[PDB]
Structures are given as structure tokens and as C-alpha cells.
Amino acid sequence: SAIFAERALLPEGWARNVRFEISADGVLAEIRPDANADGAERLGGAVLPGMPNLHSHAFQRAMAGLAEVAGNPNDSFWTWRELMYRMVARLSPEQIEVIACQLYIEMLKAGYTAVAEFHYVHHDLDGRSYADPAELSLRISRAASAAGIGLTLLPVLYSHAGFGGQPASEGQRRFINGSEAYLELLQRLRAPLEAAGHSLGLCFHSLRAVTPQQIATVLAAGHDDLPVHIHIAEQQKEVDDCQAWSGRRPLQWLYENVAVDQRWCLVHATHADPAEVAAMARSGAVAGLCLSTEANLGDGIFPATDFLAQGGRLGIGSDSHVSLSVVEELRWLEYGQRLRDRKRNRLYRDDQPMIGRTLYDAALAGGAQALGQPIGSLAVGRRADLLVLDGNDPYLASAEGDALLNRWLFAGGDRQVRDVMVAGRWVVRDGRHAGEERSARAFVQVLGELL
């Protein structure tokens, strides 16, 4: 099939009158600027590569916004976590799948074309494994296929309640596997994920939830083709606890004990000192920044300017899913730096003074890297994942090139995303997803059951 864009963001920059040929398998086959639109579908606005969402816990969308109730003069991430545990304890396989499908539809409508699902809900309500232990992982994949979103599934190794291999809490029972069971699950998922066109990654929940021996064992297991994700340094408390345990900060510890490299996505990485930031940038690992969730949870502000200045790589994730908005994440990534520094125009490159473009370029690349998928760029051989902005919007229609990204990301919003394509298939057209009516009905029923 062929599509035609009057304006599109290609790897070398903005181009005009671009005709794209897309293979039967949804791969970009030919990309020709300054072309004729003969026989191709003329698109309704500016075309961008779709944005990967590099961090998600799908079920949390069901509780999004409901934890905004003061139960203590010093509510924190840790009292929030108790509320999250209460919801996880009651979620059936069917409810989990319904929530995931609805969430992924909403992600697509916002311009997220692929998602890394950081998946730790494994076992039944009693903490016992399903007859096929992959039960819930397979439902995540089925939900992603139903929505039409790209997926890297990251089954999560989770074994302990804290540093030093503390015994898992009853509230964590659904998450728990030893290294052996985890490696078996990981290997068993390869075939069904491959069959669905989905990807896989290795994942440790956090340094609190696994031991150094487990990390070594898993990394030595031969899955060298897979991304590696971990939550790290999100809260000051984890930093303090890590130091009490090892005499090291979390990032410091990881870099001193593990060969962190480009395969890695360090989720949050919020409390990174100058030495830690330098080490991250040198390694080529991707910082998985989840700006709306980090703000919602009161984590803090990442040293993004220092990191970017040293060649750091980053992407964005919606995480707890209080926000499902490429705009909000990139906007408030920048705005957080502005509020901290009390200055404007913080995240730019030496060769790119445009803030919107700097942010979009960065998050596309980091997102594609963290997912381990051939995405993030409209180039021949990469998957046809793209969004079409509103060509009738007066702000966008009056803007060209990088100014258009500034209008969208800093003055605009989600509803300026009109059409979305994943793997060469239209999954959102004029703001609508074909599965939205059925999904919303299933989802509101599930919300009623839970609440």
C-alpha cells in the first residue's frame, strides 16, 4: 500500500510531498520525498514517527486518579503502594486483559505506537502459578494484538521485599518467582510472542526485589538478544536503604557490579548524582523517564540537562498511567528542568536549538532502543508506525517544520493527533479506534466490579 504526506519528519529532517510504500507485512519499503501522490492515500496532516512508550504497568490504569486522597499529613509513594497492592489482590485474569486492551487503545489515540509492558502480575489470587504459568503474560499479548499496538513484553523477576533478600510480603505474592522459574517463563514466552509479532525483554523489578546473585544468574543465562529493564533510584528512600545495605547508591551499585550497556533501560533513575549521570551517558543505557507518574508519586526531577549534555539517551513511559499523553510527558520533562533551574529552553542540542524537536528526536530514539524494536524512525526497513497530526488545526497549518513540533508539544495537545498507524495498519482514524465501543463497555463493567 502507499500513503502520501505533504509534510513528514524523516531521519534527515522535515521533507515535503513524501510518498511511502508499505509492504504487506507493514514494513517501510520505499520513501520518496518531492513525489507525486498518484494512487496513494493522501494524509490529512503532518506525519511523525510514532512514539514508543517504554514503561507500563497496565492494570494501574484502573486505579488512575483514585489515589489522590490524603490519608496522612505526609502521604508518599509508600502509602500509594499499599493501595496499589489492594487492587492487584483482587484482579482476575479477565479483568487484567480488559484493562490492558482499553489502556492500549487509549495509548494509540495519544500517539503511542508501541509499549514496553513491565509485567509483574504473574500468579493467581493465592500466589500460586496458573496451570500454564504464562497465563497472564499471554493475555497481555492478546490485548496488545486486539488494540493493534506494538509490544515488548518484559516479564519481571520479583523475589524479595527489600535489600538483602528480605522475604516477599503477602501483598507481593502474585509477583514472585525464583530465577529458575523466571528463566523458564522467559524462554516459554519466546514462541507465542514471536508468533504475534511481539518482542521480549529481560527485567528485574528493582534492586530491592532481587538479589545480586539473581541478577548474575539471569544475565549469564544466554538471553543476550534481549533488552534489560529495571526500576532504579526512583525514591530517596531507596537511595538511603541501598547505602545502608551496600555502602553504595543504587546506580553506583549497579554500575560497579553489572556490565550495564546499550541493552539496558534504567527506569526513573531519578536520584542520579553527577558521577552516576556520567556513567549512564557513557554506557549508552536509556533513561526511562516517566514524568507524569514521577510527579504524581513525588519522586523528584531527573538531571536531564546534565545527562543530555553528555550524550545521554532517554525515552518516555506512562508507567502508572495517570497520564496517557506524549505531549504531557515531553512538555513536563522540559518544564521540570525549567522549574528547577528557573530558566527557559533547557533541553536542546548543539546542532538543534528547537526544544520540541530535541525532545521528540530523543524520545523516539531512546524508546526504540529500550523496546528493542525496529521503530522510532521513518526509514526503509523499519516498521510503518506513524502518527498524522491535524492539518486543519490553525496552529499546525500555519507552522512549518520544527515550529510545528513546538506548537504541538508546547501549545497544543492530544486531540491534535488524528490518525495512527502501527505495522502498516490504521488503528486510529479521525481520533477513533474501531474497537473502542466494545472495549469501553467491557472496561466500565470491570471498573464497577473492582470499585
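Residue positions are given as counts along the sequence shown, with the first one as 1. What we label the rigid core is the largest C-alpha set whose atoms superpose within 1.5 Å from one form to the other.
- The higher RMS C-alpha distance to the shown form in 4 other deposited structures of this protein, out of 199 to 207 and 185 to 193, belongs to 185 to 193, with every structure fitted on the core.
- The PDB entry reports B-factors from which the mean C-alpha value can be compared for 346 to 354 and 128 to 136; the larger average falls on 346 to 354.
- Annotation for 239 to 247 versus 294 to 302: the higher mean temperature factor (C-alpha) is found in 239 to 247.
- Of the residues listed, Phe118, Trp78, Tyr360, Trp332, the entry assigns the biggest Cα temperature factor to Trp78.
- Taking only the listed residues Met107, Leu200, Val267, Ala278, the entry reports the highest CA temperature factor at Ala278.
- Ranked against the other modelled residues of its chain, the C-alpha B-factor of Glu234 as given in the entry falls in the middle third.
- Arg142: CA B factor in the lowest third of modelled residues in this chain (values from the PDB entry).
- Placement of the Cα temperature factor of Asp34 within the chain: highest third of the modelled residues, per the deposited record.
- Ranked by Cα temperature factor within the chain, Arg338 sits in the middle third according to the deposited record.
- The PDB entry assigns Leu43 a C-alpha temperature factor belonging to the middle third of its chain's modelled residues.
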